[PDB]
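Q: Got a structure for you, written out below as structure tokens; questions coming shortly.
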Amino acid sequence: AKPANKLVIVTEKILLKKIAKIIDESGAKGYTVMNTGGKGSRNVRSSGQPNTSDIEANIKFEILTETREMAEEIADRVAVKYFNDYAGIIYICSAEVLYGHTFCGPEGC
Amino acid sequence: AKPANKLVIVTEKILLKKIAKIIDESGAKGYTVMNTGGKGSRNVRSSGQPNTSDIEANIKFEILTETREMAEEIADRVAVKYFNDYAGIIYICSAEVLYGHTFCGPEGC
Amino acid sequence: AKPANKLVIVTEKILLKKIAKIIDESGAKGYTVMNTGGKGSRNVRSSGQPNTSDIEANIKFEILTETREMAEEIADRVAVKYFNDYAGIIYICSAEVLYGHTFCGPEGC
Amino acid sequence: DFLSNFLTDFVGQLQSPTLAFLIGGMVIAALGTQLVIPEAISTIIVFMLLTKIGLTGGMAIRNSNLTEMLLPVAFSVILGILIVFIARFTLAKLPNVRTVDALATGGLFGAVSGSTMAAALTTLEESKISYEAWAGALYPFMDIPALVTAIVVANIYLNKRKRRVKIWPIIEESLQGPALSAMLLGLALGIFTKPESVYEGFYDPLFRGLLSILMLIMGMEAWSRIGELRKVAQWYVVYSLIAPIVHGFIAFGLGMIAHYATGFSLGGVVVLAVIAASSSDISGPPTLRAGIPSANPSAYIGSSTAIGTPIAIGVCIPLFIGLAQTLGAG
Amino acid sequence: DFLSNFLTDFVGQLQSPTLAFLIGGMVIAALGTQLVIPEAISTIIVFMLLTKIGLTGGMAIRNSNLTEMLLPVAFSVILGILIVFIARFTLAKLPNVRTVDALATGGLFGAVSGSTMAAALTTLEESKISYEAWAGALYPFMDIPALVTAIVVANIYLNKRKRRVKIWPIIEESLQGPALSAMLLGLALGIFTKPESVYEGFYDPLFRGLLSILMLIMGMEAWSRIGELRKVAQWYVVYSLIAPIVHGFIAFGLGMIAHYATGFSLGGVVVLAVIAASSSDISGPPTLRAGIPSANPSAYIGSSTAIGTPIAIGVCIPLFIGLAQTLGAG
Amino acid sequence: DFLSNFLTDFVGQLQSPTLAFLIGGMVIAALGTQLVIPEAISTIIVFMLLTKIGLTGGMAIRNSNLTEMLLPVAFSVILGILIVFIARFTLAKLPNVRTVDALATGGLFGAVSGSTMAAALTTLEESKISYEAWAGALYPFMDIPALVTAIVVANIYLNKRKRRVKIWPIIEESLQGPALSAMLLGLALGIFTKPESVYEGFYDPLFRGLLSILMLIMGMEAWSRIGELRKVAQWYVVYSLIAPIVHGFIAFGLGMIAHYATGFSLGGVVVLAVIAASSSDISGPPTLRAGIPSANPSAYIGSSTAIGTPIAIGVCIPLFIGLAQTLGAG
Ligand SMILES: Nc1ncnc2c1ncn2[C@@H]1O[C@H](COP(=O)(O)O)[C@@H](O)[C@H]1O
Ligand SMILES: Nc1ncnc2c1ncn2[C@@H]1O[C@H](COP(=O)(O)O)[C@@H](O)[C@H]1O
Ligand SMILES: Nc1ncnc2c1ncn2[C@@H]1O[C@H](COP(=O)(O)O)[C@@H](O)[C@H]1O
Ligand code: NA
Ligand code: NA
Ligand code: NA
């Protein structure tokens with residue numbers, strides 16, 4: 001029962017290497033990535049594979065931070081750098097972490 | 001910091017074409033799809049591939065709407081049309097969109 | 001409009017068989033699984049496939065329970081059994097189920 | 001004789017591939033293996049088998065007269081409609097069988113398995129029986145009128161019980177399926193082009209080996225659908241055991257009419273009988289789910305996949321091949 | 001003559017594989033098929049084709065003199081730079097064409113498609129024209145200086161309009177791509193090792209058949225990118241139709257200089273012309289997206305994939321092969 | 001002599017496939033390539049190699065006496081138990097080595113790599129040394145008693161330090177693994193059936209080429225596990241370099257007992273030595289993770305994959321093959 005903020009970044013698949021660098025620079029303890037599909041305004045993709053077989057051409061990042069101010073600092077760094085040229089959405093929900101060794105610490109939560 | 005509602009539809013994989021049509025008819029700006037697995041009551045599937053290699057036979061839709069009334073209007077249209085015959089669950093959580101061009105607009109959020 | 005708790009377990013891919021057993025023992029009506037990637041403290045994996053092609057080596061469970069006390073009882077059983085030796089995080093968010101036959105019942109929600 | 005010919009043809013096919021990989025996949029799935037064939041490999045195997053069948057059926061069409069393939073195309077359309085009408089009057093008149101479940105089951109048993117059709121062509125080759133090379137192009141002419149008839153007749157019954165359906169979108173979805181589009185691609189490249197160099201080097205030498213992997217998949221499929229068959233009735237077990245044999249015997253009698261009239265060879269009436277004995281399994285149940293959503297999917301998937309496909313490969317292929325050794329001895 | 005030779009070479013290649021599977025994939029995608037080739041199969045096919053090209057180009061290098069491959073390597077570097085500079089002064093001087101979109105389009109038309117290069121080697125084999133076996137190793141020497149020149153020149157233009165770029169990380173990303181790493185692996189195993197046993201058994205007999213599946217993929221790719229081409233200009237359609245022919249004619253003239261000076265064979269100047277006519281498709285647009293993020297990706301992906309690759313396979317391959325029947329008749 | 005024979009056999013195998021693709025995959029992974037082989041392709045390759053080994057080992061069993069394969073089956077069970085007991089008394093008696101990590105490492109070095117066993121059969125073929133065709137069926141008789149012994153002995157040690165384990169579910173999980181189920185399927189189809197037509201057409205001509213892709217994968221695997229080896233000790237590097245050679249020399253001495261008693265051929269004692277030198281890397285670490293969860297997975301995966309498999313393919317295969325040229329010269 002330790003309160004957290006769940007930041008979600010949905011963007012193009014090509015930015016997997018660059019956004020995982022930004023998360024590791026901000027002091028976040030980890031992240032989770034999925035390959036997803038979806039539709040929006042900038043729907044054209046180029047992933048290095050054939051587009052006709054590229055049904056899931058997005059990534060969904062999921063970052064749990066202890067503070068709200070850290071999760072807005074990752075989102076400000078991603079959206080300034082890439083969201084003028086790449087497709088993307090960033091939203092944040094509120095969660096509570098029950099277990100986890102690097103989040104709650106060795107003391108526990 | 002623009003408040004939103006996150007509608008989630010988890011259903012069978014065969015309804016990928018029909019549910020993405022309903023979302024685009026309601027005025028939602030976009031959606032996100034994943035291939036997922038899972039267990040429930042109606043566990044039998046038929047996806048057009050061998051069932052023994054079909055470990056992820058569901059879709060998870062994720063739709064962010066500005067209004068609560070729109071997200072309930074997509075859910076009422078899907079559950080009346082398909083949820084008498086197909087497997088499915090629909091839930092809704094609350095989120096806040098920090099960035100995104102077609103959601104927040106060109107003005108910003 | 002029936003309130004629920006969304007429990008999320010992110011752990012190693014090898015525990016897919018054992019954690020789905022624990023969820024079915026607790027009285028939860030179902031779950032959802034994804035294959036995900038991600039980074040943390042215990043990053044070494046062994047899934048039975050080559051690690052160089054194993055880009056998504058985690059599972060994300062998603063369990064919707066009616067009561068908060070049930071979702072903490074699944075999380076206490078998983079984290080005591082496996083989280084001393086395996087990688088993992090468990091968090092819980094709050095949701096509202098709009099449709100679903102085994103969750104809301106035949107009466108409706 | 002007849003049953004003297006059949007039993008040594010039955011153990012003769014168990015002592016061969018294309019049935020042993022069916023049994024071998026069914027045994028290791030019963031023993032609970034974690035061996036899976038990936039879904040990307042299963043998609044490219046069905047593409048490779050059905051393109052090869054299309055390339056031969058079309059390298060022979062441009063030499064053909066297009067009147068020899070008039071009565072087998074007419075008879076395979078009739079067989080697709082008649083099989084659904086047999087299940088309407090026999091299976092649906094049973095105690096705990098819903099009528100909308102029997103019409104969906106008869107629609108799958110009228111449709112064709114490309115896995116069973118490819119297993120019949122390879123057994124005809126190593127039994128040294130000549131067949132018309134365009135006989136694989138009879139596959140859409142039975143598969144599509146059976147799925148259309150099941151959807152049309154069931155939707156009439158649902159409106160009768162309450163007290164119109166668009167036929168062409170059903171034909172459009174069936175033509176655009178991944179199995180049947182690969183054959184039609186092969187048909188067009190056989191007729192209008194000269195694909196003999198890529199056929200003799202790639203699609204023909206890889207046929208029998210890729211089929212043995214698909215025989216392993218269909219059979220791990222069969223064991224995984226047996227649990228769906230415990231939840232419907234015991235009359236779907238009796239239907240799935242004897243209806244592949246009955247539908248093959250009606251097709252063999254219809255094939256002997258074309259043999260006496262246009263010279264349709266005896267190896268081609270075996271292709272017509274096994275095609276009518278097979279039940280979809282993959283491309284069918286997605287079409288019948290959208291067309292008949294009120295049907296219980298444990299009824300028709302459990303009938304056609306768990307029993308109907310091992311019966312058509314295991315029993316019906318050495319039965320109708322051994323029947324064509326009797327006729328054709330003079 | 002010349003155009004008497006071309007038209008019977010055009011229908012001669014439509015009556016053959018490697019172009020029919022290109023057209024056949026384009027037709028079934030226009031008819032709206034649900035047939036997809038999985039992404040795991042498309043990755044291992046590009047690996048298998050480019051390893052075979054690398055193994056031959058390197059089993060011939062260790063026998064070579066390394067001065068015969070001095071002017072074709074010098075000319076294919078110049079052609080990669082010149083093609084981007086042609087699109088700077090012709091395509092970007094048009095009314096509704098952005099300059100940063102034309103430099104990204106010219107960077108893709110300077111880069112090489114490995115799918116088009118493999119289609120040119122197989123057509124040279126069954127037209128019985130000998131070529132240098134290391135001519136496939138000219139593929140990185142045009143692909144990489146074209147993508148570097150497009151990123152460098154566009155970043156100079158963006159700083160001019162506002163009122164430095166690291167070149168070696170662009171070369172490092174291009175060398176580490178999955179297509180070009182498979183060829184360099186094959187080059188190294190050809191030179192330093194003796195891979196003749198696995199080459200004659202696996203990589204060579206599976207070449208023409210795996211290419212026909214890749215020809216099916218590239219062509220379902222072409223139809224899916226036509227809708228991106230309605231959103232840019234009508235001058236990208238005129239550019240993508242005639243610039244593969246013009247870039248091939250400049251490369252053919254540069255290849256005839258090497259033919260008269262070092263004995264570079266006429267089958268090798270066809271390889272040099274088709275490589276300069278091809279446009280990248282898969283490995284290029286991810287490099288130009290990171291390098292030039294301000295470019296509209298509907299402009300250069302829609303130009304190079306929807307038109308530029310069917311023109312290079314359909315028109316440019318039987319044009320420059322039929323041109324090398326005229327020269328070489330004495 | 002002995003070391004005169006070995007060094008020209010060492011460069012003789014580097015100038016050949018099956019080791020060059022191991023080195024070639026290790027070099028391009030060190031240079032940081034983005035080339036990946038998809039997981040669907042890696043699953044069907046292990047299926048194709050182990051089914052072929054099972055089909056030969058079983059087309060020879062039904063001709064065999066079942067007393068020639070009594071002492072090699074007895075000796076390969078003993079070697080699986082003895083290797084884990086060697087690591088208990090040598091590796092675990094070192095300063096910064098945990099005892100529960102050494103028992104998990106010795107369990108992987110007792111288990112067998114099917115990638116290394118397939119590399120030893122192909123090198124014996126092109127060195128023209130005859131071996132017993134059922135020697136591939138010794139693979140479960142060493143793999144399973146080694147993983148059972150590591151789990152049983154480590155769980156005894158954890159209860160000793162605190163102050164019972166079910167053996168048959170460990171054997172049930174190992175028999176149901178995707179690698180070992182493919183071989184047992186091939187064994188059963190070799191004995192009870194006649195699979196010679198699909199074997200000579202599909203599984204045998206595709207063996208050496210599919211192995212060269214698996215040699216590329218194992219080797220990109222080796223470079224990705226070197227970073228796990230910096231976090232344990234420097235004694236896992238010394239163990240992983242010399243224990244594949246020591247376990248092969250104990251197996252070669254045990255194989256020479258069977259050669260002098262039942263006529264077990266000298267090509268079969270090379271198969272017994274390389275199987276005893278290989279470490280699992282694929283099916284092993286998931287079994288030892290569930291059985292011994294308290295072990296550090298960087299210790300035994302980093303030891304067996306980064307060093308132990310390149311040593312067994314690179315050093316141990318040309319050592320024990322060249323040893324069997326010395327014995328067998330009269
Ligand atoms: N309203 C929305 N709800 C959910 N996901 C969205 C929404 N808008 C955009 N996305 C996701 O964000 C990606 C990029 O959005 P866009 O910038 O509109 O192209 C899309 O492909 C979707 O995956
Ligand atoms: N309580 C639950 N929690 C999470 N996911 C569920 C739950 N119930 C159902 N699902 C998902 O919804 C699908 C269909 O549910 P059902 O209608 O029960 O078959 C399942 O396969 C799961 O993916
Ligand atoms: N702060 C975090 N935010 C999101 N996901 C996380 C976080 N920490 C850990 N994870 C996930 O949990 C897995 C195991 O975490 P760990 O126990 O740190 O290895 C990681 O591989 C991630 O998928
Ligand atoms: Na049928
Ligand atoms: Na070019
Ligand atoms: Na061993």
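Labeling convention for the structure tokens: chains A, B, ... as they appear, residues from 1 per chain, ligands from 1 in order of appearance.
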Within 10 Å of chain A, which residues belong to chain B? Use only C-alpha atoms and report them as a PyMOL selection string.
A: chain B and resi 1-4+6+20+24+28-35+60-64+93-104
Q: Dump N, CA and C atoms for the selected residues as a compact mmCIF listing (two decimals), in the first residue's frame?
A:
```txt
# COMPACT_ATOMS: atom_id res chain seq x y z
N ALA B 1 -2.60 18.04 -18.62
CA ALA B 1 -3.53 17.88 -17.52
C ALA B 1 -4.96 18.13 -17.98
N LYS B 2 -5.45 17.24 -18.84
CA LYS B 2 -6.82 17.27 -19.31
C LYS B 2 -7.49 15.98 -18.90
N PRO B 3 -8.58 16.00 -18.14
CA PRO B 3 -9.15 14.76 -17.63
C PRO B 3 -9.84 13.95 -18.71
N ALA B 4 -9.75 12.63 -18.57
CA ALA B 4 -10.26 11.72 -19.59
C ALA B 4 -10.83 10.48 -18.92
N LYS B 6 -10.84 6.25 -19.54
CA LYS B 6 -10.17 5.17 -20.25
C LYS B 6 -11.12 3.98 -20.30
N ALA B 20 -13.66 -1.89 -34.11
CA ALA B 20 -12.97 -0.70 -34.58
C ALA B 20 -13.85 0.16 -35.48
N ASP B 24 -14.98 4.26 -34.46
CA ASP B 24 -14.79 5.34 -35.42
C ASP B 24 -16.11 6.01 -35.80
N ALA B 28 -14.76 9.10 -31.31
CA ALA B 28 -13.53 8.93 -30.57
C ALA B 28 -12.34 9.17 -31.48
N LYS B 29 -11.31 9.81 -30.93
CA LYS B 29 -10.16 10.22 -31.72
C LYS B 29 -9.21 9.08 -32.04
N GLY B 30 -9.28 7.97 -31.31
CA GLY B 30 -8.39 6.87 -31.57
C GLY B 30 -8.62 5.75 -30.59
N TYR B 31 -7.78 4.72 -30.70
CA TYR B 31 -7.85 3.56 -29.83
C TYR B 31 -6.51 2.86 -29.87
N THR B 32 -6.35 1.88 -28.98
CA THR B 32 -5.16 1.05 -28.91
C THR B 32 -5.60 -0.40 -28.78
N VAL B 33 -4.96 -1.30 -29.52
CA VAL B 33 -5.32 -2.72 -29.48
C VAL B 33 -4.10 -3.55 -29.11
N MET B 34 -4.33 -4.59 -28.32
CA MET B 34 -3.33 -5.58 -27.97
C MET B 34 -3.89 -6.96 -28.26
N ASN B 35 -3.03 -7.92 -28.54
CA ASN B 35 -3.43 -9.32 -28.53
C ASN B 35 -3.13 -9.89 -27.15
N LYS B 60 -7.59 -6.52 -26.49
CA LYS B 60 -7.86 -5.51 -25.48
C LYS B 60 -7.88 -4.16 -26.19
N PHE B 61 -9.04 -3.54 -26.25
CA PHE B 61 -9.17 -2.18 -26.75
C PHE B 61 -8.93 -1.21 -25.61
N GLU B 62 -8.37 -0.05 -25.93
CA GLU B 62 -8.19 1.02 -24.97
C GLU B 62 -8.53 2.34 -25.64
N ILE B 63 -9.63 2.95 -25.22
CA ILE B 63 -10.14 4.16 -25.85
C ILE B 63 -10.17 5.26 -24.80
N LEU B 64 -9.54 6.38 -25.11
CA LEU B 64 -9.55 7.55 -24.25
C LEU B 64 -10.52 8.58 -24.81
N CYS B 93 -11.89 3.20 -16.45
CA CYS B 93 -11.09 3.84 -15.42
C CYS B 93 -10.93 5.31 -15.77
N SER B 94 -10.41 6.09 -14.83
CA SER B 94 -10.25 7.52 -15.03
C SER B 94 -8.78 7.87 -15.15
N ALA B 95 -8.46 8.71 -16.14
CA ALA B 95 -7.07 9.07 -16.41
C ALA B 95 -6.99 10.56 -16.68
N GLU B 96 -5.76 11.03 -16.91
CA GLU B 96 -5.49 12.41 -17.27
C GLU B 96 -4.48 12.43 -18.40
N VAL B 97 -4.85 13.03 -19.52
CA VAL B 97 -3.98 13.08 -20.69
C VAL B 97 -3.05 14.28 -20.56
N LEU B 98 -1.75 14.02 -20.66
CA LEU B 98 -0.75 15.07 -20.56
C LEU B 98 -0.33 15.61 -21.91
N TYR B 99 -0.29 14.75 -22.93
CA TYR B 99 0.14 15.13 -24.26
C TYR B 99 -0.63 14.33 -25.29
N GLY B 100 -0.68 14.85 -26.50
CA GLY B 100 -1.44 14.22 -27.57
C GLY B 100 -2.06 15.28 -28.45
N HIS B 101 -1.87 15.15 -29.76
CA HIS B 101 -2.21 16.25 -30.65
C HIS B 101 -3.69 16.28 -31.01
N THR B 102 -4.31 15.13 -31.23
CA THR B 102 -5.72 15.14 -31.61
C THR B 102 -6.64 15.11 -30.40
N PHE B 103 -6.12 14.75 -29.23
CA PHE B 103 -6.93 14.77 -28.03
C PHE B 103 -6.99 16.17 -27.44
N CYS B 104 -5.83 16.72 -27.11
CA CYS B 104 -5.80 18.02 -26.45
C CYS B 104 -6.01 19.15 -27.45
```
Q: Show me which residues are within 9 Å of ligand 4 counting only C-alpha atoms and all ligand atoms, and format the list as number ranges by chain.
A: D: 79-80, 83, 107-113, 142-143, 146, 244, 247-248, 273-280
Q: Any idea what's packed within 10 Å of residue 293 in chain F, counting only C-alpha atoms, ignoring anything in its chain fewer than 4 positions away? Could you give it as a ChimeraX atom specification?
A: /C:82,84-86 /F:100,104,151,287-289,297
Q: Please produce an output containing C-alpha atoms for each residue in the selection, written as a JSON list (two decimals), in the first residue's frame.
A:
```json
[["chain", "number", "residue", "atom", "x", "y", "z"],
["C", 82, "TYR", "CA", 7.58, -16.48, -5.84],
["C", 84, "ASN", "CA", 11.81, -13.94, -3.11],
["C", 85, "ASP", "CA", 13.32, -15.75, -6.10],
["C", 86, "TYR", "CA", 11.61, -14.30, -9.19],
["F", 100, "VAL", "CA", 23.54, -24.01, -4.42],
["F", 104, "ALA", "CA", 22.84, -25.79, -10.53],
["F", 151, "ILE", "CA", 17.49, -30.72, -7.92],
["F", 287, "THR", "CA", 13.81, -26.85, -15.32],
["F", 288, "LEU", "CA", 16.48, -25.77, -12.84],
["F", 289, "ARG", "CA", 14.72, -22.47, -12.15],
["F", 297, "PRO", "CA", 20.54, -17.57, -12.65]]
```
Q: In Å, rounded to a single decimal, give me how far CA of residue 185 in chain D is from CA of residue 131 in chain D.
A: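 Taking CA of residue 131 in chain D as the start and CA of residue 185 in chain D as the end point, the length is 21.7 Å.
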Q: Near chain D, which residues of chain B fall within 10 Å when you count only C-alpha atoms, and what do they look like as a list in words?
A: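 Listed by rising number, the hits are residues 14, 15, 42, 43, 44, 45, 46, 47, 48, 49, 50, 51, 52, 53, 54, 55, 82, 84, 85 and 86 of chain B.
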